[PDB]
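Just structure25.txt here, compact mmCIF, C-alpha atoms:
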# COMPACT_ATOMS: atom_id res chain seq x y z
CA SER A 1 0.00 0.00 0.00
CA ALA A 2 0.86 3.71 -0.35
CA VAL A 3 4.50 4.84 -0.61
CA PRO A 4 7.40 3.06 1.13
CA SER A 5 9.05 4.96 3.95
CA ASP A 6 12.83 5.09 4.14
CA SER A 7 12.71 2.66 7.07
CA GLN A 8 10.58 0.13 5.18
CA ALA A 9 12.88 0.32 2.15
CA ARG A 10 16.01 -0.12 4.28
CA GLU A 11 14.45 -3.17 5.94
CA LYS A 12 13.41 -4.75 2.63
CA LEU A 13 16.90 -4.13 1.22
CA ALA A 14 18.50 -5.64 4.34
CA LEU A 15 16.44 -8.84 4.16
CA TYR A 16 16.95 -9.21 0.42
CA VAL A 17 20.71 -8.75 0.83
CA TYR A 18 20.56 -11.49 3.47
CA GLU A 19 18.83 -13.78 0.96
CA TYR A 20 21.45 -12.72 -1.60
CA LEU A 21 24.30 -13.61 0.77
CA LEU A 22 22.68 -16.99 1.35
CA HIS A 23 22.29 -17.85 -2.32
CA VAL A 24 25.75 -16.51 -3.23
CA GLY A 25 27.33 -18.83 -0.65
CA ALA A 26 28.05 -16.37 2.17
CA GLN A 27 26.38 -18.06 5.16
CA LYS A 28 28.95 -16.70 7.64
CA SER A 29 28.46 -13.13 6.36
CA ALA A 30 24.72 -13.75 6.25
CA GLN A 31 24.39 -14.35 9.99
CA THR A 32 27.17 -11.89 10.91
CA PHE A 33 24.99 -9.39 9.01
CA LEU A 34 21.80 -10.59 10.70
CA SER A 35 23.09 -9.61 14.13
CA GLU A 36 25.46 -6.77 13.21
CA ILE A 37 22.12 -5.11 12.37
CA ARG A 38 20.13 -6.82 15.18
CA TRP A 39 17.52 -8.46 12.95
CA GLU A 40 14.73 -10.04 14.98
CA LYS A 41 11.92 -11.12 12.60
CA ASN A 42 11.19 -14.55 11.13
CA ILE A 43 12.83 -15.03 7.72
CA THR A 44 11.45 -16.79 4.67
CA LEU A 45 13.25 -16.91 1.32
CA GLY A 46 12.60 -17.91 -2.27
CA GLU A 47 14.49 -19.97 -4.82
CA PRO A 48 18.06 -19.05 -5.80
CA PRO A 49 19.51 -16.68 -6.72
CA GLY A 50 16.88 -14.60 -4.95
CA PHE A 51 14.92 -11.42 -5.55
CA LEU A 52 17.75 -8.87 -5.50
CA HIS A 53 20.10 -10.92 -7.69
CA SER A 54 17.53 -11.60 -10.43
CA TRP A 55 16.18 -8.06 -10.63
CA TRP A 56 19.65 -6.51 -10.45
CA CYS A 57 20.88 -8.71 -13.27
CA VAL A 58 18.05 -7.78 -15.63
CA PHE A 59 18.66 -4.12 -14.66
CA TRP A 60 22.35 -4.32 -15.56
CA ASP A 61 21.36 -6.14 -18.75
CA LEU A 62 18.94 -3.38 -19.74
CA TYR A 63 21.80 -1.03 -18.75
CA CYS A 64 23.46 -1.76 -22.10
CA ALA A 65 20.32 -0.60 -24.12
CA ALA A 66 20.49 1.52 -27.33
CA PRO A 67 20.99 4.93 -25.56
CA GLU A 68 24.57 5.68 -24.31
CA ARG A 69 26.88 2.58 -24.12
CA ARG A 70 24.82 0.19 -26.37
CA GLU A 71 27.30 -2.06 -28.28
CA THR A 72 30.44 -1.11 -26.27
CA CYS A 73 30.04 -3.48 -23.30
CA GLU A 74 28.72 -7.09 -23.54
CA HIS A 75 24.94 -7.24 -23.36
CA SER A 76 21.92 -9.31 -24.19
CA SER A 77 19.82 -9.07 -27.32
CA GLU A 78 16.44 -9.42 -25.61
CA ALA A 79 17.26 -6.32 -23.52
CA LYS A 80 18.14 -4.16 -26.53
CA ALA A 81 14.93 -5.43 -28.11
CA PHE A 82 12.92 -4.45 -25.03
CA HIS A 83 14.37 -0.96 -25.47
CA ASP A 84 14.26 -0.29 -29.21
CA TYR A 85 11.06 -2.21 -30.03
CA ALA B 1 24.03 -17.42 -19.83
CA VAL B 2 23.64 -13.83 -21.05
CA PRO B 3 27.00 -12.13 -21.73
CA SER B 4 26.42 -9.24 -19.28
CA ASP B 5 26.04 -11.50 -16.22
CA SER B 6 29.76 -12.17 -15.69
CA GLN B 7 30.16 -8.51 -14.69
CA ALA B 8 26.61 -7.90 -13.45
CA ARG B 9 27.38 -10.35 -10.63
CA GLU B 10 30.79 -8.77 -9.98
CA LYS B 11 29.26 -5.29 -9.76
CA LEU B 12 26.51 -6.55 -7.45
CA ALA B 13 29.14 -8.14 -5.19
CA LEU B 14 31.17 -4.93 -5.07
CA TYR B 15 28.12 -2.77 -4.37
CA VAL B 16 26.98 -5.22 -1.66
CA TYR B 17 30.42 -5.06 -0.01
CA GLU B 18 30.16 -1.25 -0.15
CA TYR B 19 26.60 -1.44 1.23
CA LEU B 20 27.75 -3.54 4.18
CA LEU B 21 30.71 -1.26 4.85
CA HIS B 22 28.54 1.86 4.88
CA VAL B 23 25.65 0.29 6.86
CA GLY B 24 27.91 -0.47 9.85
CA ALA B 25 28.66 -4.20 9.39
CA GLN B 26 32.45 -4.18 9.03
CA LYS B 27 32.89 -7.85 9.89
CA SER B 28 30.10 -8.73 7.46
CA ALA B 29 32.04 -6.95 4.71
CA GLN B 30 35.38 -8.62 5.51
CA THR B 31 33.76 -12.06 5.77
CA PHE B 32 31.92 -11.44 2.50
CA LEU B 33 35.14 -10.71 0.63
CA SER B 34 37.00 -13.68 2.08
CA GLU B 35 33.95 -15.85 1.33
CA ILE B 36 33.99 -14.39 -2.19
CA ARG B 37 37.80 -14.69 -2.24
CA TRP B 38 38.43 -11.27 -3.72
CA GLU B 39 41.91 -9.97 -4.48
CA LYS B 40 40.93 -7.14 -6.79
CA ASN B 41 41.64 -3.71 -5.35
CA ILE B 42 39.05 -2.08 -3.08
CA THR B 43 38.22 1.57 -3.82
CA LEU B 44 35.84 3.33 -1.45
CA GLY B 45 32.69 5.23 -2.31
CA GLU B 46 30.74 8.04 -0.71
CA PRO B 47 28.10 6.87 1.80
CA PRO B 48 25.54 5.69 1.02
CA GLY B 49 26.79 3.47 -1.79
CA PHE B 50 25.44 2.67 -5.24
CA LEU B 51 23.36 -0.32 -4.14
CA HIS B 52 21.40 1.87 -1.70
CA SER B 53 20.62 4.67 -4.18
CA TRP B 54 19.64 2.07 -6.77
CA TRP B 55 17.40 0.21 -4.31
CA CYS B 56 15.48 3.37 -3.37
CA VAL B 57 14.48 4.01 -6.99
CA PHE B 58 13.79 0.33 -7.64
CA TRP B 59 11.60 -0.17 -4.57
CA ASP B 60 9.60 3.02 -5.06
CA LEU B 61 8.93 1.64 -8.54
CA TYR B 62 8.20 -1.95 -7.45
CA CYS B 63 5.63 -0.90 -4.85
CA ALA B 64 4.07 1.58 -7.23
CA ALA B 65 3.76 -1.04 -9.99
CA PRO B 66 0.12 -2.20 -10.25
CA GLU B 67 -1.11 -5.85 -10.47
CA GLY C 1 -0.90 35.93 -14.57
CA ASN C 2 -3.16 35.73 -11.56
CA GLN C 3 -4.12 32.03 -11.43
CA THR C 4 -0.92 30.15 -12.37
CA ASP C 5 1.86 32.50 -11.24
CA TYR C 6 0.37 32.01 -7.78
CA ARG C 7 0.76 28.24 -8.10
CA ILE C 8 4.48 28.61 -8.71
CA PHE C 9 4.50 30.99 -5.73
CA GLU C 10 2.92 28.33 -3.50
CA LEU C 11 5.43 25.76 -4.79
CA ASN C 12 8.32 27.97 -3.69
CA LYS C 13 6.57 28.75 -0.39
CA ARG C 14 6.28 25.04 0.49
CA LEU C 15 9.85 24.36 -0.55
CA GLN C 16 10.69 26.82 2.23
CA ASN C 17 9.46 24.18 4.71
CA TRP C 18 12.07 21.57 3.74
CA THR C 19 14.31 20.17 6.47
CA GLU C 20 17.07 17.59 6.42
CA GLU C 21 14.54 15.23 8.07
CA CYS C 22 12.16 15.45 5.07
CA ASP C 23 11.83 11.85 3.83
CA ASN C 24 9.84 9.95 1.19
CA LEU C 25 6.42 10.62 2.74
CA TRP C 26 7.03 14.39 2.92
CA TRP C 27 8.15 14.59 -0.71
CA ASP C 28 5.17 12.46 -1.71
CA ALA C 29 2.79 14.87 0.03
CA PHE C 30 4.48 17.81 -1.70
CA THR C 31 4.26 16.16 -5.13
CA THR C 32 0.63 15.22 -4.50
CA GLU C 33 -0.17 18.85 -3.74
CA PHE C 34 1.50 20.16 -6.90
CA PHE C 35 1.32 17.34 -9.47
CA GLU C 36 -1.43 15.29 -11.06
CA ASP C 37 -1.36 11.53 -10.55
CA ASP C 38 -0.20 10.98 -14.16
CA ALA C 39 2.05 14.03 -14.42
CA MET C 40 5.32 13.88 -16.35
CA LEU C 41 8.59 15.71 -15.65
CA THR C 42 11.35 16.36 -18.18
CA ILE C 43 14.84 17.82 -17.92
CA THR C 44 16.95 18.63 -20.97
CA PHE C 45 20.53 19.87 -21.26
CA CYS C 46 23.73 19.68 -23.32
CA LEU C 47 26.46 18.56 -20.87
CA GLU C 48 29.77 17.66 -22.60
CA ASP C 49 29.03 15.07 -25.33
CA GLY C 50 25.68 16.12 -26.80
CA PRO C 51 22.04 16.93 -26.04
CA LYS C 52 20.40 14.93 -23.25
CA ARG C 53 16.75 14.46 -22.33
CA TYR C 54 15.29 12.68 -19.28
CA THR C 55 11.54 12.16 -18.74
CA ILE C 56 10.05 10.58 -15.60
CA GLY C 57 6.53 9.77 -14.47
CA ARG C 58 4.71 10.72 -11.29
CA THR C 59 6.14 8.24 -8.78
CA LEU C 60 9.69 9.11 -9.75
CA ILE C 61 9.03 12.85 -9.32
CA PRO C 62 9.46 13.27 -5.53
CA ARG C 63 12.96 11.79 -5.58
CA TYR C 64 13.73 14.20 -8.41
CA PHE C 65 13.12 17.17 -6.10
CA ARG C 66 14.88 15.32 -3.26
CA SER C 67 17.91 14.67 -5.53
CA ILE C 68 18.63 18.45 -5.83
CA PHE C 69 18.76 18.80 -2.03
CA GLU C 70 20.72 15.67 -1.37
CA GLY C 71 23.42 17.06 -3.69
CA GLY C 72 24.09 20.05 -1.46
CA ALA C 73 21.04 22.32 -1.67
CA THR C 74 19.40 23.66 1.50
CA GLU C 75 16.67 25.69 -0.22
CA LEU C 76 15.18 25.78 -3.70
CA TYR C 77 12.92 28.09 -5.67
CA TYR C 78 12.01 28.97 -9.24
CA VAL C 79 11.94 32.46 -10.71
CA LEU C 80 9.87 32.96 -13.86
CA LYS C 81 10.39 36.28 -15.63
CA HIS C 82 7.55 37.23 -18.01
CA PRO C 83 5.87 33.82 -18.39
CA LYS C 84 3.24 33.46 -21.10
CA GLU C 85 -0.13 32.18 -19.87
CA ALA C 86 -2.60 30.49 -22.22
CA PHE C 87 -6.02 29.14 -21.25
CA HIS C 88 -7.48 26.19 -23.11
CA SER C 89 -10.56 23.98 -23.01
CA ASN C 90 -9.16 21.66 -20.34
CA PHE C 91 -5.77 23.03 -19.21
CA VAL C 92 -3.59 26.12 -18.80
CA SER C 93 -0.10 26.50 -20.25
CA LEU C 94 2.63 28.61 -18.65
CA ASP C 95 5.64 29.07 -20.95
CA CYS C 96 8.64 30.99 -19.55
CA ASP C 97 11.74 31.38 -21.74
CA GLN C 98 13.53 33.19 -18.90
CA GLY C 99 13.18 30.58 -16.19
CA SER C 100 15.65 30.25 -13.34
CA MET C 101 16.12 27.40 -10.90
CA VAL C 102 18.03 28.80 -7.91
CA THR C 103 19.54 26.68 -5.12
CA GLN C 104 21.57 27.74 -2.10
CA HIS C 105 24.25 25.37 -0.82
CA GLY C 106 24.75 24.94 2.92
CA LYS C 107 27.76 24.62 5.19
CA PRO C 108 30.45 24.79 4.19
CA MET C 109 31.21 26.99 1.14
CA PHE C 110 27.78 28.67 1.02
CA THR C 111 27.54 28.79 -2.77
CA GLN C 112 24.51 29.59 -4.93
CA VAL C 113 23.94 27.91 -8.30
CA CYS C 114 21.44 29.58 -10.65
CA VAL C 115 20.29 27.42 -13.57
CA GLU C 116 18.75 29.32 -16.50
CA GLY C 117 16.41 27.77 -19.03
CA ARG C 118 12.94 27.43 -20.48
CA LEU C 119 10.21 26.21 -18.12
CA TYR C 120 7.01 24.92 -19.76
CA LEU C 121 4.18 23.83 -17.48
CA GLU C 122 0.72 22.50 -18.23
CA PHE C 123 -1.71 22.80 -15.30
CA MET C 124 -5.17 21.25 -15.21
CA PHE C 125 -8.03 23.73 -15.16
CA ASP C 126 -9.86 22.57 -12.02
CA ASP C 127 -10.08 23.44 -8.32
CA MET C 128 -6.70 21.90 -7.50
CA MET C 129 -4.69 23.44 -10.30
CA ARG C 130 -1.95 20.82 -10.29
CA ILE C 131 0.85 20.40 -12.81
CA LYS C 132 0.20 17.89 -15.58
CA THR C 133 3.50 18.44 -17.38
CA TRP C 134 6.81 20.01 -16.37
CA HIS C 135 9.52 20.62 -18.98
CA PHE C 136 12.82 22.34 -18.16
CA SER C 137 15.23 22.91 -21.06
CA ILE C 138 18.45 24.10 -19.40
CA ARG C 139 20.63 26.57 -21.30
CA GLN C 140 23.44 28.11 -19.24
CA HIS C 141 24.10 28.27 -15.50
CA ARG C 142 26.08 30.20 -12.90
CA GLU C 143 27.78 29.36 -9.62
CA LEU C 144 28.27 32.33 -7.27
CA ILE C 145 30.56 32.08 -4.24
CA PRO C 146 30.37 34.49 -1.27
CA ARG C 147 32.94 37.28 -1.40
CA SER C 148 33.33 36.51 2.31
CA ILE C 149 34.87 33.09 1.58
CA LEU C 150 36.96 34.58 -1.24
CA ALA C 151 38.78 36.69 1.38
CA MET C 152 39.13 33.71 3.72
CA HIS C 153 40.97 31.39 1.30
CA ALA C 154 42.55 34.25 -0.63
CA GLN C 155 46.15 33.53 0.42
CA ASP C 156 45.87 29.74 -0.03
CA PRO C 157 46.44 29.48 -3.79
CA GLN C 158 46.66 25.71 -4.38
CA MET C 159 43.45 25.19 -2.45
CA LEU C 160 41.80 28.37 -3.76
CA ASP C 161 41.94 27.73 -7.51
CA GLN C 162 40.02 24.66 -6.38
CA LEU C 163 37.24 27.25 -5.93
CA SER C 164 37.61 28.29 -9.57
CA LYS C 165 36.13 24.88 -10.31
CA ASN C 166 32.50 23.97 -10.54
CA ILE C 167 30.14 22.15 -8.20
CA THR C 168 27.66 21.17 -10.91
CA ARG C 169 28.27 20.06 -14.48
CA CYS C 170 25.20 21.72 -15.97
CA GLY C 171 23.63 23.34 -12.93
CA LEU C 172 22.64 19.82 -11.88
CA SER C 173 24.66 18.13 -9.14
CA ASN C 174 25.95 14.59 -9.62
CA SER C 175 23.14 13.42 -7.32
CA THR C 176 20.41 14.41 -9.81
CA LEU C 177 22.41 13.37 -12.86
CA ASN C 178 22.87 9.85 -11.49
CA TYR C 179 19.25 9.67 -10.28
CA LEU C 180 17.75 10.60 -13.64
CA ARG C 181 20.18 8.27 -15.42
CA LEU C 182 18.93 5.43 -13.22
CA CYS C 183 15.32 6.48 -13.86
CA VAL C 184 15.86 6.28 -17.66
CA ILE C 185 16.21 2.53 -17.33
CA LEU C 186 14.31 1.45 -14.21
CA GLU C 187 11.05 3.19 -15.15
CA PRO C 188 10.04 1.00 -18.17
CA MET C 189 10.75 -2.10 -16.01
CA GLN C 190 7.75 -1.19 -13.89
CA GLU C 191 5.58 -3.21 -16.27
CA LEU C 192 7.81 -6.27 -15.77
CA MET C 193 7.43 -5.75 -12.02
CA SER C 194 3.65 -5.79 -12.47
CA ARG C 195 3.99 -9.00 -14.46
CA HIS C 196 6.13 -10.33 -11.62
CA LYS C 197 3.62 -9.14 -9.01
CA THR C 198 0.84 -11.02 -10.81
CA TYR C 199 1.95 -14.10 -12.76
CA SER C 200 4.60 -15.94 -10.75
CA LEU C 201 7.66 -16.01 -13.04
CA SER C 202 11.34 -15.08 -13.14
CA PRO C 203 12.20 -11.42 -13.82
CA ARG C 204 14.09 -12.59 -16.91
CA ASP C 205 11.03 -14.58 -18.01
CA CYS C 206 8.91 -11.48 -17.40
CA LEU C 207 11.27 -9.45 -19.57
CA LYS C 208 11.09 -12.23 -22.16
CA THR C 209 7.30 -12.50 -22.27
CA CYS C 210 6.80 -8.72 -22.43
CA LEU C 211 9.38 -8.15 -25.18
CA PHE C 212 7.87 -11.25 -26.77
CA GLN C 213 4.55 -9.47 -26.75
CA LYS C 214 5.29 -6.00 -27.87
CA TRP C 215 5.87 -6.66 -31.56
CA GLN C 216 2.16 -7.46 -31.83
CA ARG C 217 1.05 -4.21 -30.31
CA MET C 218 2.59 -2.72 -33.44
CA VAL C 219 0.52 -4.52 -36.14

As structure tokens:
Amino acid sequence: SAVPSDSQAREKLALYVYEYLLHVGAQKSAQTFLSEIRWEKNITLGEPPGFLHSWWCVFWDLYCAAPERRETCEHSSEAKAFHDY
Amino acid sequence: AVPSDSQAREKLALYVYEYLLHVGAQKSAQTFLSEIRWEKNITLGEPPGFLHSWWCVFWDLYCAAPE
Amino acid sequence: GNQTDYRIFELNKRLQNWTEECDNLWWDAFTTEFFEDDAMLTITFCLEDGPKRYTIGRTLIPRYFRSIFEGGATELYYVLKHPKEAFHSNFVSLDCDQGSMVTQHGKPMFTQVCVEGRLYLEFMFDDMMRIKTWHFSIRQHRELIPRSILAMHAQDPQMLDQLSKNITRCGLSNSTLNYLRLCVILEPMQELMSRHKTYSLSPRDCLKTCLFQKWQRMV
């Protein structure tokens, strides 16, 4: 609902970075993070690689779209197609 | 196996290390780099890092996106 | 220009209430008071390689205003000299060739950057005369430094030609430049997100199925 507060966004980012650390193979850092920030709520996570990883990777893919860099850095074709067409 | 992933992952790892450094979890950052086994250089950023500024935009969008 | 001039006045007046503690909810309330739910904002400049144009929708608008402050500004206001008003069936245009976006920078180095350009606004012609479209084509800009701080660092040459440099590239701080660059690419993804929010699929499969679709819109 409504607009996320800065607190809510920081919390969602923290949990999704925890899930990222888990799926990237950083269990030690995952729990060191969980209490270096004093997390107290019950966790549940989705399939690997996780929310943050998947969305970030399609972002960086769309990053090499027709405007600016385009064909200068390796990139997908489906992304450039999502941009141009 | 898209050809932008091999550095999309690297950039996410670096921005996550920067995120952890700037959020106050120093040991988390050190353990993350030894668990990722990095020996590239480490160049600081200005707090808050890139991952944070990107997440603000992304999450405002994600919540605003309708069904 | 008795109806619309006043709206820009009220915009400035509210921007006088900003504090460092103003967060996402405050900027959302501000935007909601001055912008329609489907309003569109546009900045345009020249920079160093060629003309640039950035257009963002309503939800990305608050952070646009916030970006200017989080790059060093402590107050913001617009000056419109001789704007042209035009009433229409369903909206009111305000077109100002001599538009100025002025920002004061806080402690330290209390500098003022004045960005000149053409401001074009379309307001809706109803009780809450909110902005439907906002278009700022930036021409030149100035950065003015207090003659107080010139005397201070006047006998510190290596440092002080540092103050012959420039805070902003185009009148826009790096904060706003990077924000609008990120908007360019994250905003069209919003449809994918919706796909994600509804059908359960991978973000890459969402991207795939949307791209997959959009050739047929064209027929």

Point to revise | 12 Å contacts from chain A to chain C using only C-alpha atoms, as number ranges by chain | key: A: 2-9, 46-68, 76-85

Could you list, as a PDB file with C-alpha atoms, in the frame of the given file, every residue of chain B that has an atom within 9 Å of an atom of chain A, counting only C-alpha atoms?
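That gives us iface_26.pdb:
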ATOM      1  CA  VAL B   2      23.640 -13.830 -21.050  1.00  0.00           C
ATOM      2  CA  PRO B   3      27.000 -12.130 -21.730  1.00  0.00           C
ATOM      3  CA  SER B   4      26.420  -9.240 -19.280  1.00  0.00           C
ATOM      4  CA  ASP B   5      26.040 -11.500 -16.220  1.00  0.00           C
ATOM      5  CA  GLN B   7      30.160  -8.510 -14.690  1.00  0.00           C
ATOM      6  CA  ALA B   8      26.610  -7.900 -13.450  1.00  0.00           C
ATOM      7  CA  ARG B   9      27.380 -10.350 -10.630  1.00  0.00           C
ATOM      8  CA  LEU B  12      26.510  -6.550  -7.450  1.00  0.00           C
ATOM      9  CA  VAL B  16      26.980  -5.220  -1.660  1.00  0.00           C
ATOM     10  CA  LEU B  20      27.750  -3.540   4.180  1.00  0.00           C
ATOM     11  CA  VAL B  23      25.650   0.290   6.860  1.00  0.00           C
ATOM     12  CA  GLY B  24      27.910  -0.470   9.850  1.00  0.00           C
ATOM     13  CA  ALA B  25      28.660  -4.200   9.390  1.00  0.00           C
ATOM     14  CA  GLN B  26      32.450  -4.180   9.030  1.00  0.00           C
ATOM     15  CA  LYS B  27      32.890  -7.850   9.890  1.00  0.00           C
ATOM     16  CA  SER B  28      30.100  -8.730   7.460  1.00  0.00           C
ATOM     17  CA  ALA B  29      32.040  -6.950   4.710  1.00  0.00           C
ATOM     18  CA  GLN B  30      35.380  -8.620   5.510  1.00  0.00           C
ATOM     19  CA  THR B  31      33.760 -12.060   5.770  1.00  0.00           C
ATOM     20  CA  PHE B  32      31.920 -11.440   2.500  1.00  0.00           C
ATOM     21  CA  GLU B  35      33.950 -15.850   1.330  1.00  0.00           C
ATOM     22  CA  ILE B  36      33.990 -14.390  -2.190  1.00  0.00           C
ATOM     23  CA  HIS B  52      21.400   1.870  -1.700  1.00  0.00           C
ATOM     24  CA  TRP B  55      17.400   0.210  -4.310  1.00  0.00           C
ATOM     25  CA  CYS B  56      15.480   3.370  -3.370  1.00  0.00           C
ATOM     26  CA  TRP B  59      11.600  -0.170  -4.570  1.00  0.00           C
ATOM     27  CA  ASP B  60       9.600   3.020  -5.060  1.00  0.00           C
ATOM     28  CA  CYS B  63       5.630  -0.900  -4.850  1.00  0.00           C
ATOM     29  CA  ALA B  64       4.070   1.580  -7.230  1.00  0.00           C
TER      30      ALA B  64
END

Review point. Residues at most 10 Å from residue 101 of chain C, counting all atoms listed in the file, excluding those fewer than 2 positions away in the same chain, as a PyMOL selection string?
Key: chain C and resi 76-80+99+103+113-117+119+136+138+141+171

Review point. In Å, with one decimal, what is the gap from atom CA of residue 112 of chain C to atom CA of residue 144 of chain C?
Key: 5.2 Å

Exercise for review: Find the residues in chain C near chain B: any atom within 7 Å counts, using all atoms listed in the file. Write them as a count of residues only.
Suggested key: 7

Review point. Which value, in Å to one decimal, gives the distance between atom CA of residue 18 of chain A and atom CA of residue 6 of chain B?
Key: 21.3 Å

Review point. What gap, in Å, lies between atom CA of residue 176 of chain C and atom CA of residue 84 of chain C?
Key: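 Taking atom CA of residue 176 of chain C as the start and atom CA of residue 84 of chain C as the end point, the length is 28.0 Å.
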
Practice item. Using all atoms listed in the file, determine which residues lie at most 12 Å from residue 11 of chain C, disregarding the query and same-chain residues fewer than 6 positions distant; provide the list as a PyMOL selection string. Key: chain C and resi 4-5+17-18+30-35+65+76-79+129-131

Could you complete segment 30-45 of chain B so that it carries N, CA, C and O atoms, and give it back as a PDB file, in the coordinates of the input?
ATOM      1  N   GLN B  30      34.136  -7.850   5.597  1.00  0.00           N
ATOM      2  CA  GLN B  30      35.380  -8.620   5.510  1.00  0.00           C
ATOM      3  C   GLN B  30      35.094 -10.096   5.249  1.00  0.00           C
ATOM      4  O   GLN B  30      35.732 -10.721   4.386  1.00  0.00           O
ATOM      5  N   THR B  31      34.135 -10.667   5.985  1.00  0.00           N
ATOM      6  CA  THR B  31      33.760 -12.060   5.770  1.00  0.00           C
ATOM      7  C   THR B  31      33.184 -12.275   4.385  1.00  0.00           C
ATOM      8  O   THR B  31      33.382 -13.343   3.800  1.00  0.00           O
ATOM      9  N   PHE B  32      32.472 -11.284   3.839  1.00  0.00           N
ATOM     10  CA  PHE B  32      31.920 -11.440   2.500  1.00  0.00           C
ATOM     11  C   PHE B  32      33.025 -11.506   1.463  1.00  0.00           C
ATOM     12  O   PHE B  32      32.938 -12.284   0.509  1.00  0.00           O
ATOM     13  N   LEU B  33      34.078 -10.702   1.630  1.00  0.00           N
ATOM     14  CA  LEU B  33      35.140 -10.710   0.630  1.00  0.00           C
ATOM     15  C   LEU B  33      36.037 -11.935   0.746  1.00  0.00           C
ATOM     16  O   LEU B  33      36.563 -12.416  -0.270  1.00  0.00           O
ATOM     17  N   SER B  34      36.256 -12.428   1.974  1.00  0.00           N
ATOM     18  CA  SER B  34      37.000 -13.680   2.080  1.00  0.00           C
ATOM     19  C   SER B  34      36.159 -14.863   1.612  1.00  0.00           C
ATOM     20  O   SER B  34      36.693 -15.823   1.039  1.00  0.00           O
ATOM     21  N   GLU B  35      34.843 -14.806   1.826  1.00  0.00           N
ATOM     22  CA  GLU B  35      33.950 -15.850   1.330  1.00  0.00           C
ATOM     23  C   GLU B  35      33.725 -15.730  -0.170  1.00  0.00           C
ATOM     24  O   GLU B  35      33.335 -16.717  -0.809  1.00  0.00           O
ATOM     25  N   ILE B  36      33.946 -14.542  -0.740  1.00  0.00           N
ATOM     26  CA  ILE B  36      33.990 -14.390  -2.190  1.00  0.00           C
ATOM     27  C   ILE B  36      35.410 -14.439  -2.730  1.00  0.00           C
ATOM     28  O   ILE B  36      35.595 -14.481  -3.958  1.00  0.00           O
ATOM     29  N   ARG B  37      36.418 -14.422  -1.856  1.00  0.00           N
ATOM     30  CA  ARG B  37      37.800 -14.690  -2.240  1.00  0.00           C
ATOM     31  C   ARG B  37      38.323 -13.608  -3.183  1.00  0.00           C
ATOM     32  O   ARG B  37      38.977 -13.881  -4.190  1.00  0.00           O
ATOM     33  N   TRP B  38      38.031 -12.362  -2.845  1.00  0.00           N
ATOM     34  CA  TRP B  38      38.430 -11.270  -3.720  1.00  0.00           C
ATOM     35  C   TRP B  38      39.866 -10.843  -3.447  1.00  0.00           C
ATOM     36  O   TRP B  38      40.315 -10.786  -2.296  1.00  0.00           O
ATOM     37  N   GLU B  39      40.611 -10.608  -4.535  1.00  0.00           N
ATOM     38  CA  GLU B  39      41.910  -9.970  -4.480  1.00  0.00           C
ATOM     39  C   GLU B  39      42.050  -8.844  -5.499  1.00  0.00           C
ATOM     40  O   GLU B  39      43.170  -8.360  -5.730  1.00  0.00           O
ATOM     41  N   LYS B  40      40.952  -8.435  -6.135  1.00  0.00           N
ATOM     42  CA  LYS B  40      40.930  -7.140  -6.790  1.00  0.00           C
ATOM     43  C   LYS B  40      41.151  -6.039  -5.744  1.00  0.00           C
ATOM     44  O   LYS B  40      40.980  -6.233  -4.537  1.00  0.00           O
ATOM     45  N   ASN B  41      41.535  -4.863  -6.224  1.00  0.00           N
ATOM     46  CA  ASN B  41      41.640  -3.710  -5.350  1.00  0.00           C
ATOM     47  C   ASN B  41      40.270  -3.402  -4.733  1.00  0.00           C
ATOM     48  O   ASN B  41      39.233  -3.924  -5.147  1.00  0.00           O
ATOM     49  N   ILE B  42      40.274  -2.554  -3.716  1.00  0.00           N
ATOM     50  CA  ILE B  42      39.050  -2.080  -3.080  1.00  0.00           C
ATOM     51  C   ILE B  42      39.144  -0.561  -3.013  1.00  0.00           C
ATOM     52  O   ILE B  42      39.996  -0.012  -2.318  1.00  0.00           O
ATOM     53  N   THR B  43      38.287   0.114  -3.758  1.00  0.00           N
ATOM     54  CA  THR B  43      38.220   1.570  -3.820  1.00  0.00           C
ATOM     55  C   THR B  43      36.911   2.020  -3.180  1.00  0.00           C
ATOM     56  O   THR B  43      35.828   1.535  -3.541  1.00  0.00           O
ATOM     57  N   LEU B  44      37.005   2.941  -2.225  1.00  0.00           N
ATOM     58  CA  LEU B  44      35.840   3.330  -1.450  1.00  0.00           C
ATOM     59  C   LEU B  44      34.830   4.078  -2.321  1.00  0.00           C
ATOM     60  O   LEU B  44      35.091   4.425  -3.476  1.00  0.00           O
ATOM     61  N   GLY B  45      33.657   4.326  -1.740  1.00  0.00           N
ATOM     62  CA  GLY B  45      32.690   5.230  -2.310  1.00  0.00           C
ATOM     63  C   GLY B  45      32.219   6.219  -1.251  1.00  0.00           C
ATOM     64  O   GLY B  45      32.683   6.202  -0.108  1.00  0.00           O
TER      65      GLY B  45
END
